[PDB]
Amino acid sequence: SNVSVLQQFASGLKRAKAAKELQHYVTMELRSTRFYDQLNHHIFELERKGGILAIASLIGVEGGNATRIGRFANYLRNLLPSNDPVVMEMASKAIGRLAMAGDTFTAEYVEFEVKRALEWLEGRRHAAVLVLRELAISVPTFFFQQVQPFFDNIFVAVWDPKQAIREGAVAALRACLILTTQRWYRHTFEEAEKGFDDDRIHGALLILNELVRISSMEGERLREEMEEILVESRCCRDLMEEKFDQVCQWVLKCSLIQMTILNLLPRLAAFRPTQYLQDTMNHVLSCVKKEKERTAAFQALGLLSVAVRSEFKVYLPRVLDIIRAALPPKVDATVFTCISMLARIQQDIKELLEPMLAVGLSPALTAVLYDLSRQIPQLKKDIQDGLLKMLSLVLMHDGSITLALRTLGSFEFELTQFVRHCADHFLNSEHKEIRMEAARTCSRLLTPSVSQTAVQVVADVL
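Just so we're aligned: the sequence shown equals residues 1 to 462 in the numbering used here.
Structural data, given as structure tokens:
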């Protein structure tokens with residue numbers, strides 16, 4: 001209990017680390033109290049990721065009410081002020097998980113960490129921004145006690161010459177705006193307008209994207225659905241004009257700016273939908289060919305096609321010629337999601353499905369085909385026949401085939417030879433996941449249970 005748990009904690013620091021932490025949590029849930037604290041101090045003083053996982057895995061499993069929080073507060077505050085790379089985000093997540101217990105000291109431990117978070121507002125500012133984001137995600141009541149000083153500190157802390165600090169500051173401002181709008185916007189719009197008039201480009205774009213997303217959830221719902229597969233309404237013309245001027249001027253001046261422009265163009269097109277839409281379509285058509293910019297450009301084009309349904313229909317032949325030259329060469333994950341979002345224009349996909357079936361078996365393309373067969377049920381048998389032919393060519397003859405079985409049992413098809421070919425798959429394969437998913441899909445495929453020709457194959461597979 002003392003040597004084996006310490007050996008597992010040392011092996012977690014040196015896939016196996018989270019499994020060892022989960023095994024230690026499952027061993028502590030069944031139950032040596034000082035040996036775990038000594039091992040935690042030895043792993044924290046040395047390394048940091050395994051100790052943070054061992055400190056975070058025991059929270060919510062053992063049941064430490066008051067004695068564990070006073071010991072964990074010093075270990076959470078020691079690494080937060082001077083922080084290393086992304087394991088510091090794991091330390092911030094462990095602090096947010098320790099603050100999410102629901103104890104009496106949580107009103108004292110959070111406000112001591114939030115008021116110090118304004119002391120820093122670059123390894124110190126981004127750690128405070130991540131701590132504020134974790135406190136807003138964990139404790140929304142304790143994070144609303146100091147709202148006047150945080151908006152003044154983040155307006156000056158995000159103006160520093162850094163790239164990684166703005167990605168945390170935008171997330172902290174979005175969590176603060178979500179906590180404000182769930183139960184201020186004019187001062188943030190005034191600060192974002194004063195910051196704009198190449199350092200003050202992408203930060204101002206990310207500051208304006210939060211105000212564009214908080215006022216209108218219609219443009220955000222399409223991006224939230226495609227990812228699985230007053231204040232801003234008044235000053236909307238000048239902000240869109242400044243965004244269009246920044247997109248047209250800074251064309252090839254300064255990667256992050258083009259990505260911020262492609263992210264802000266779809267929300268601005270969905271908020272108010274012909275010259276600005278033509279300039280945004282021209283910018284997306286110019287940025288689709290450039291390197292490291294086509295993944296956001298395809299999603300922005302799909303969002304603008306879902307928003308401007310009547311306006312983008314004249315631009316149907318320009319994009320459809322660009323995708324058909326891309327699939328024929330085989331980064332292919334965003335193209336299927338863009339082709340799925342462009343439909344939500346039905347007869348043009350039947351010539352486009354020939355290359356999409358020829359690209360290969362992937363999860364995003366299968367989800368796009370499922371969403372296209374669910375939303376647009378015009379030609380469902382033509383897609384299902386090609387999917388069945390691709391699955392038969394895959395399973396007739398290397399990793400992806402598990403997902404092929406996952407697509408074989410996902411939705412309905414037009415299947416007695418498949419269950420006779422899959423009833424020998426787990427008898428030959430020595431892999432665990434192949435046998436597991438094969439049994440999982442052929443137990444679902446047997447659901448068409450007074451003719452004695454299906455009874456034979458049902459009895460055979462059973």
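Even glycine gets a Cβ: it sits at the ideal position worked out from N, Cα and C.
Contact check for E210 against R174 passes: the beta carbons are separated by less than 8 Å. About 13 Å separates the beta carbons of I207 and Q246, which is beyond the 8 Å limit, so they are not a contact pair. For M88, the enclosing alpha helix (DSSP H) has its first and last residue at 87-99.
The shortest CA-to-CA distance from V86 to any of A127, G63, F196 is the one to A127. Residue state for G409 is assigned as coil, using DSSP reduced to three classes. Cβ-Cβ separation between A169 and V129: approximately 5 Å, consistent with a contact (criterion under 8 Å). In its chain, beyond the 5 residues on either side, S255 have a beta carbon closer than 7 Å to the beta carbon of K292.
Here the C-alpha atom of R318 lies approximately 11 Å from the C-alpha atom of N282. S92 counts as buried, since at least 16 other C-beta atoms from the protein chains shown sit within 10 angstroms of its C-beta.
Distances from the alpha-carbon of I323 to those of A404, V359, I52, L53 put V359 closest.
Its chain contains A136, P140, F143, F144 as the residues whose beta carbon lies nearer than 7 Å to that of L179, once the 5 sequence neighbours on both sides are disregarded; these appear in chain order. Minimum Cα-Cα distance from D37 among the listed residues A18, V26, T274, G70 corresponds to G70. Look at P140 here: in three-state DSSP terms it is coil, with no helix or strand label. For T447, the three-state secondary structure derived from DSSP is coil. Closest in alpha carbon position to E29, among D279, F151, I59, is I59.
Under the three-state reduction of DSSP output, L121 falls in the coil class, being neither helix nor strand. When the five nearest sequence neighbours on each side are left out, the beta carbons in the same chain lying within less than 7 Å of the beta carbon of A99 are those of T106, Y109, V110, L135, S138, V139, in order along the chain. Taking every protein chain shown into account, the CB of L427 has fewer than 16 other CB atoms within 10 angstroms, so this residue is exposed. Here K20 is buried: its Cβ has 16 or more other Cβ atoms, across all protein chains shown, within 10 Å. Exclusion of the five residues before and after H425 leaves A438 as the residues of its chain whose Cβ lies within less than 6 Å of its Cβ. One thing to note: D371 has its Cβ within 8 Å of the Cβ of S340. DSSP, read as helix, strand or coil, puts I55 in helix. Annotation: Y315 is outside any alpha helix (DSSP H) and is labelled neither H nor E by DSSP. About 22 Å separates the Cβ atoms of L53 and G102, ruling out a contact at the 8 Å cut-off.
In this structure, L342 places its C-beta atom within 8 Å of the C-beta atom of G302.
Secondary structure of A325 (DSSP, three-state): coil. Listed in chain order, the non-local C-beta contacts of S449 below 7 Å within the same chain comprise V458, local neighbours out to five positions each way being set aside.
Here the alpha carbon of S429 sits roughly 27 Å from the alpha carbon of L357. In the structure shown, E437 falls within a helical segment according to DSSP collapsed to helix, strand and coil. Using a C-beta cut-off of 8 Å, the segment 324-334 makes no contact with the segment 249-261, since fewer than three inter-stretch Cβ pairs fall below that distance. Minimum Cα-Cα distance from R116 among the listed residues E122, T104, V131 corresponds to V131. Check the Cα spacing between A157 and each of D460, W184, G123: the tightest is with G123. Taking 8 Å as the cut-off, the Cβ atoms of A56 and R31 do not count as close.
Annotation: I345 is outside any alpha helix (DSSP H) and is labelled neither H nor E by DSSP. For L415, the secondary structure class from DSSP, reduced to helix, strand or coil, is coil. Contact between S305 and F312 is confirmed by a C-beta separation of about 4 Å, below the 8 Å threshold.
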